[PDB]
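Trainee: The structure follows.
Where a number appears in this text, it was derived from the coordinates with a stated rule and is not lab data.
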Number of protein chains: 2
Amino acid sequence: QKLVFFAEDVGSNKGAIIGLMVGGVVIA
Amino acid sequence: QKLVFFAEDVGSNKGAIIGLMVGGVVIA
């Protein structure tokens, strides 16, 4: 394996996120 | 609101979970 690169990319985060694996009475 | 209940249930976890919110050199 050889990698040679002059890359640039943008992925960038501002939100309101709800990540449940679910259990809350998933209802809490 | 009124709640009255007798509830018994079962959700239990043993996993090899990958959760990415994406951005990884998602790669590569």
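Trainee: Can you pull the Rg over Rh of the protein assembly as shown, Cα-only, Kirkwood?
Mentor: 1.22
Trainee: What is the distance in Å between the Cα centres of the range A:1-17 and the range B:1-19?
Mentor: 36 Å
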